[PDB]
Amino acid sequence: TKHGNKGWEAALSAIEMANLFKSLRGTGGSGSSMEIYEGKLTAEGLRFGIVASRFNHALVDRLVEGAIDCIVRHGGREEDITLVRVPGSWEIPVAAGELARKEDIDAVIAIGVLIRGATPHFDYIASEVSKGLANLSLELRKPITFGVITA
Amino acid sequence: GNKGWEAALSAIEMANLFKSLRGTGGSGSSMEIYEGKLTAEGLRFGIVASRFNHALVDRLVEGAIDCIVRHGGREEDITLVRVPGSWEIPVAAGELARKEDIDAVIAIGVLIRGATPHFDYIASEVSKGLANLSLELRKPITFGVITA
Amino acid sequence: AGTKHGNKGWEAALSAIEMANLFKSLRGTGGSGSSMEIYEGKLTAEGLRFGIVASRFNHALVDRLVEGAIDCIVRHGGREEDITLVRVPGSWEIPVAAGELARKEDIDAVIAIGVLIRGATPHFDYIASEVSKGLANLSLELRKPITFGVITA
Amino acid sequence: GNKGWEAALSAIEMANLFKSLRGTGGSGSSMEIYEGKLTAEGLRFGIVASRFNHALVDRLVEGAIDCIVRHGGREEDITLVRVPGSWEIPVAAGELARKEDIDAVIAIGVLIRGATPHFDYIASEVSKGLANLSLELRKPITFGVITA
Amino acid sequence: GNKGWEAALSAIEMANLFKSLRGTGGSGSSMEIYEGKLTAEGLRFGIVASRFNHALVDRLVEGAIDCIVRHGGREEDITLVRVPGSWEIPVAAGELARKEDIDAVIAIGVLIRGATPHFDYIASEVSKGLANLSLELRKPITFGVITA
Amino acid sequence: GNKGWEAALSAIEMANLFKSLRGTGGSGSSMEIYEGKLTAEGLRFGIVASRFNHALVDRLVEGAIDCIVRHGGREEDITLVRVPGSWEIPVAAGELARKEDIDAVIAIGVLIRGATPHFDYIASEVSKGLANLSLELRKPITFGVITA
Amino acid sequence: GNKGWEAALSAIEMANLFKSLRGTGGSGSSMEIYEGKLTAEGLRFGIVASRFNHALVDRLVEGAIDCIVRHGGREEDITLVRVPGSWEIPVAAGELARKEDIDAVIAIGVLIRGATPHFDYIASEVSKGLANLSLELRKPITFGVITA
Amino acid sequence: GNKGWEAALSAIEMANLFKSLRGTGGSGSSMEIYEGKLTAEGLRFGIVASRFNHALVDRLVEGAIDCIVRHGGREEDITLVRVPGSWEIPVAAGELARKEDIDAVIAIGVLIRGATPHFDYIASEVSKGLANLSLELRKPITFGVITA
Amino acid sequence: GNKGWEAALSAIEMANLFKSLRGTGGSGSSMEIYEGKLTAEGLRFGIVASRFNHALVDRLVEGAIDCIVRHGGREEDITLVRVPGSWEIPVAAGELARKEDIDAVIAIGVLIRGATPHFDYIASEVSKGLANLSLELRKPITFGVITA
């Protein structure tokens, strides 16, 4: 909305996708016209989960704060947020798969930082984060949002 | 002039082609050819569009509906789903392609070319997800994502 | 169409929602005491009504700002039937038209959008100064929030 | 054209706009857009101009008259008042605006920034005075003051 | 404004000028000067527009309709025709100009010249056809084409 | 794609536009809009194609026939005329256009401009002839001529 | 030669290899070697060919049919399916491969990589889909896709 | 044009020249001139065409057949023989030339000289063989071989 | 991959073509086409290979036999003749092509490119001799000589 940091933006997507899926599962329109499905930016009664890495905790800490501020401003509740910390970026996909299988959580947010300017070997690590997170959403049929910064 | 029109045209042809393959009847002793007509009467479509780049998607969505109506389709048979960004298109498409009333799905969006790893990785995953989903569910899904 | 963070039409609409909700809290029943009371606004737009005043100059820029403003209200819970739009020749006419809207008993906030070309030559530095003065004075006299979406190129 | 043509156009549109707000609202079920036409039939106007640099000022007053006539307004529905200098435009404009038979006012004038310091307090006060009139009386007043 | 706005004004002015020429005479005993006013009540119009993507010509058509309605015209008295491309405008313009209840015609299009042959030849023929039609049917036709 | 496909699409749409434009008009109560559908059921077509550049023109003619048949047309309702070169296209098009059982005409050919000023004069005359015929006979003639 | 001929040769040999590999094994007394003969008597084939680049793909399809017929195959035992573009090849190949009267599938098409990053993503997904289908269904699918 | 058309024109003229040259001579009283007419009514032809460069040679063969039929020949009086490559053209031409119901032979093919010295030797031997056969058998054989 | 395979494939086609030409039977009233199948059953071949370049010829001879066996031929029907150098191929080929049991002859060898008159003259004579011998004896002889 206004803050701009990728934690804020990543949380806006999660709030909208969580609302969209309830609309889809509910029912169709009255009829005699084109059906439209959209999600609104209201976080009243939604459960969220956040997975964040520890490498560069200075930058990650602000991003995790920004995502939490976004949820409360739009009507969320601080008690309906679960946070998990992992040693590094290689472990984000495996950790998020555990949250997604919970029957309560409705959306999942991944935050982290990637170093791709000093070592010509991290490219292997970076590519697997994007693949693993994307495959999980299709398999479990649950929205998972990308909040990964590159340094 | 726009990829929205092109994507909708492929969807019409693929929908008619799958009715011919899943059919039985008399045939001759010669070679057998299966083709798709461009008559949109009686078919039901689904569109999934992202909001990125503000108003450019609205231009693409307008072209898609124009193709369906002018080729014989009815505007009561379209379903529109809107998602926040390009990263969200595959998951929304899967939900829309798992219901028996839909015959084909069209994906529209705009991607960024900021020359950053953040966008380069997102771009690849959009294409791979839509490709796998059409093979898993055996339903045609058309690609209408442009850049800039 | 629409927009998100970056466009000045979206930020202005955000302030209006927060201010419109804040006033309803202030006029509400007082608290029970026993501690300090903190008043702040929620980003919910359900049941609110707005007005927008836009200038026709620089059709390319202004058009996308008006789309951003309308997009913000709808996404956050607004209803399309509860927005009134007014077009005017130029920036000099914005304050007078805004006053007509603010007096309606069924308008909770007002958003002003326009583009200023100050600095190039005279006849515009005078215009720019008075637009800021008029909108500010109207807000205090009428006691309704009035947001300032005017940009400069 | 000239700045006088532009000022008359704004007056015609604002005068029509105010006549719409005072009327009934739209049918509902959608956004209400209020805008002003450019028909000048049935409207009464007023012009206030200064003598200084009569060569330039006369051209501007001709432009305003041309614009109103071309758009379908009679010359019998125009009141013209002339004043010694720029300092007297706002007080002169106040008398016209209080009448119930005038629906818009146009100010024409020319100033000189490169003059003595005494002719600088005047320059800023013209803008302030006309602005406060419009909000006070709730009646459009248009600006047509240029500089040499 | 946009060239859809500019083109529509010339049709309002020229449609009024003709009604004066083929009617009653002037005062007499002196030179007769003719000119058209910018009123549009009672006039009938026709707009012919091409297709180029779905965005850049929609703006020019909306600018044209706004000019007529704000300057006094009725929406009941406008006919809009869409054609595949620039090459098809003159044949479509001919059909409208032959109708007894149309007073002027506005042509809006996009020429993408400067790219490849097959388009440096189309441009030269579009201007000639509209020019000939006006001199052959005695009905003004206004030119509203942009360059991509 | 190929200009054979594009030229047949334009012909199908103009043939439908002229049926509605020559029928009963709208009752009223709104602006009247005329558009052409992309359905080719019950329409007759003629094609004029040159012979030079043996390989190319055969591909263009196949494209045009494929477009008509896949939109609902019948191969029995197509007339094909072959001519030696581009210079001869306009004269043959006149004969087809003057028949009362043809709704539109498609012109295909290859211009070999690039040298030999003998061929620079031929290029300019093919466009002129086709444009005049369409206006004279009041029938749509589509341009499908490319440059090698 | 052309990849149409090469792709049909590979399909004929793999179809023969899978007949001997699924039959009775060797008695023993030596190393067992399995090879495919180049005889196409009694085998069924399917072909999936796109449409873009109208001229090229037609030459490739003729090459594939010529190879089969001249090796002993019958034109009555060939199935042909046409699709709009390269993006649609993998989905159609799945339907043909799941039939119980087809021994191998040949995929033909033209990729237009070279610009417009829209087409750079399509290129990588056609190979992935065809490779996975062959392993999943346990049927040989041959790659006959070239680049323009 | 194409060498297929040129090679068939030469064959038609030489076939007519050999009929008059083998008939009764002129009575006298002037110089005797023998010429060949361009009429192909009652003459038989044979064509030998290679296969390499799949697309090109098919266009050349169509040109040759079109020339004969449009000059009065019958498609029933044409014999066509296909060979793998250019190296094989002379040997097949000998078999056709030795039949007593053929008046001339047309040889078509594509030489792929440009690299691979393997193909530089083949080029020189095709011309030698065709030239010797014509002199040995006393029948006209026309050269229709191009270079890619 | 190697010219030994290519030379053997031409031999099979030419052998089958000469059985069709030297045949009689019923025929239709349409055009007559003679082609060669790629079935090697019942045919008898001859190979002439040189020893130069040590082991490279062994690779070429291996490819030739693989083609004949896999297309249906029997290894008891091949005759292999080995000569010291390329200069000796034509004389050995003539002896092998003069016996009635042989249907086609294949020539394989390697030439040197030392840029010397000794090798430049030898290279030319190998090609000319094999070309003449096929015309004298009316039997197909295939060229499979490579360089380096």
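FYI, side chains are in, hydrogens and waters are out, and symmetry mates aren't considered; it's all heavy atoms of this structure. So you know, we letter chains A, B, ... as the sequences are listed, proteins then strands, and number each from 1.
Counting heavy-atom pairs closer than 4.5 Å to chain F, the top residue among E:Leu133, E:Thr79, E:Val126, E:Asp77 is E:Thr79. When the candidates F:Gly25, F:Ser30, F:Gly28 are compared by the number of heavy-atom contacts under 4.5 Å with chain E, F:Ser30 comes out ahead. Between chain F and the residues E:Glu136, E:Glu95, E:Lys128, E:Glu75, the largest count of heavy-atom pairs under 4.5 Å involves E:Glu95. By number of non-hydrogen pairs under 4.5 angstrom with chain E, the leading residue of F:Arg22, F:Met14, F:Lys139 is F:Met14.
Taken from OG1 in E:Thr116 to CD1 in F:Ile146, the straight-line distance is 12.0 Å, to the nearest 0.5 Å. A distance of 11.0 Å separates CG of E:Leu80 from OH of F:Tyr34, quoted to the nearest 0.5 Å.
Around CD of E:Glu41, the count of heavy atoms belonging to other residues, nucleotides or ligands within 6.0 Å does not exceed 12. Other residues, nucleotides and ligands contribute only 12 or fewer heavy atoms inside 6.0 Å of the CH2 atom of F:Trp87. Other residues, nucleotides and ligands place no more than 12 heavy atoms under 6.0 Å from the CZ atom of E:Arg113.
The part of F:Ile141 that comes within reach of chain E is its backbone (N, CA, C, O), which places non-hydrogen atoms under 4.5 angstrom from that chain. For a residue to count as touching a neighbouring chain, one of its non-hydrogen atoms must lie under 4.5 Å from one of that chain's; by this rule F:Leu17 touches chain E with the side chain only. For E:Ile65, the part lying near chain F is the side chain, with the backbone staying farther off; criterion is any non-hydrogen pair under 4.5 Å. For a residue to count as touching a neighbouring chain, one of its non-hydrogen atoms must lie under 4.5 Å from one of that chain's; by this rule E:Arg98 touches chain F with the side chain only. Residue E:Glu88 touches chain F through both its backbone and its side chain, counting heavy-atom pairs closer than 4.5 Å.
Residues E:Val91 and F:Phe18 have side chains in contact (heavy-atom distance under 4.5 Å, counting atoms from C-beta outward). A heavy-atom distance below 4.5 Å is not found between the side chains of F:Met31 and E:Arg74. Under the 4.5 Å side-chain criterion, counting only non-hydrogen atoms from C-beta, E:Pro90 is in contact with F:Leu135.
Distance alone, capped at 3.5 Å, is enough to place a donor-acceptor pair between the E:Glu76 side chain and the F:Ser29 backbone. Judged purely by atom type and a 3.5 angstrom limit, E:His118 has no side-chain atom pairing as donor or acceptor with the backbone of F:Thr147.
Contact between E:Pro84 and F:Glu13 at its shortest, heavy atoms only, is CG-OE1, 3.1 Å.
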